[PDB]
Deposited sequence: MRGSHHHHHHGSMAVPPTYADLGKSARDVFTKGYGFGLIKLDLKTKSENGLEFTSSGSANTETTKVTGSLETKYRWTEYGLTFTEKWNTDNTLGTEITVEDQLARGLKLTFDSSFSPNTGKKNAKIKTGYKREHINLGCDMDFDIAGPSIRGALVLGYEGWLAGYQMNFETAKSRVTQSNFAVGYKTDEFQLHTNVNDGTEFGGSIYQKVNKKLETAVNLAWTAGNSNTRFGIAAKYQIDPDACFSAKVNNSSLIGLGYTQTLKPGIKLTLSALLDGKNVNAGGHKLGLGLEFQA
């Protein structure tokens, strides 16, 4: 983040998360194709490694910009269809509201106002409410979030986050429902290498969990990622854009200490 606008609470510490999460894709062979990116068509076909289950997905996205609207369609192989309507920066400079639906309810309305040093958020779920608030002060970041159930009239979760970040170095911490502590350090050495460190421990248990990850970019269109943790789990991640259109991702998981591993492959056609 190089702007004066703080990210959303859910997007807090995304840089370190991208080092651990993205670039791997274990235990799934998925084939995705997005086109006409404008009417945005997106096809997704993922096959499972453990259960050998093949599930498909076809996504359409009508987006026309001047009035700030974006329609969304997503139907999967086993019928479950949802629509998403979102207007951006029309009723106010930093206003944004969405509308959700599903098919066999799960309708949702999500409102969020962003400004310089401030990024509030509120979500209406159909019957719970989730409110979020993130404040930025000279590179620092503080955040709070509360999920409220309307029927029980009781707060479900309460997360409080503090952190400091730049485009080169990020540190974030958060407490989930009071009993869960989590921390993540992200530091990029150069344009070609990225490295993140993860920390988490639950209140009431003395033990903790830590993990390290890497993201090494050899060529502009070929990079490598590797992660590990104290649970004797290893993860390798490879990616090579074969040509501008198609982009291949091969990865593997190794169980350091029965003896079942995981292997992942991914192709990303783009026309």
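- Query: Which regions of the deposited sequence are unaccounted for in the modelled residues, listed N- to C-terminal?
  - Reply: Sequence ranges with no C-alpha atoms are 1-10, 48-49, 117-121, 144-147, 279-281.
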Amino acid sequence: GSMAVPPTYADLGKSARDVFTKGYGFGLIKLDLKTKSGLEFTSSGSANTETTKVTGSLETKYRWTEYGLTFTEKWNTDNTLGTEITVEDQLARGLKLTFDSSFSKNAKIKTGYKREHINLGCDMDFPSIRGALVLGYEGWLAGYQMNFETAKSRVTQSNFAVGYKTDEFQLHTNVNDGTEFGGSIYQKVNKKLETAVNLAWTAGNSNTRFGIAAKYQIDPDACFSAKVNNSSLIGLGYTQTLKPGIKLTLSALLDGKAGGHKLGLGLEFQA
From here on, numbers count along this sequence of modelled residues.
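Of 132-140 and 77-85, the one with larger mean CA B-factor: So the stretch with the higher mean C-alpha B-factor is 77-85.
Which is higher on average in the deposited entry, the C-alpha temperature factors of 14-22 or of 259-267?
Higher of the two, by average CA B-factor, is 259-267.
Which of these has the highest Cα B-factor in the record: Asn229, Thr239, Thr208, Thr60? Among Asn229, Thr239, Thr208, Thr60, the highest C-alpha B-factor in the entry belongs to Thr60.
- Residue selected from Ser102, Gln170, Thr173, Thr98 by maximal Cα B factor: Most elevated C-alpha B-factor of the set, per the entry: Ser102.
Practice problem: Could you say whether, by C-alpha temperature factor, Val197 belongs to the lowest, middle or highest third of its chain? | Solution: For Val197, whose C-alpha B-factor we compare with every modelled residue in the chain, the answer is the lowest third.
Query - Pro127 - Cα temperature factor, lowest/middle/highest third of chain - result: Tercile = highest for this residue's CA B-factor.
- Task: Could you look up the Cα B-factor of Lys53 in the entry and say which third of the chain it sits in: lowest, middle or highest?
- Result: CA B-factor rank for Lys53: middle third.
query = Taking the entry's C-alpha B-factors for this chain, is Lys191 in the lowest, middle or highest third?
reply = It belongs to the highest third of the chain when residues are ordered by C-alpha B-factor.
**Asked** Based on the entry's values, in what third of the chain does the Cα temperature factor of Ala214 lie: lowest, middle or highest?
**Response** Its C-alpha B-factor belongs to the lowest third of this chain's values.
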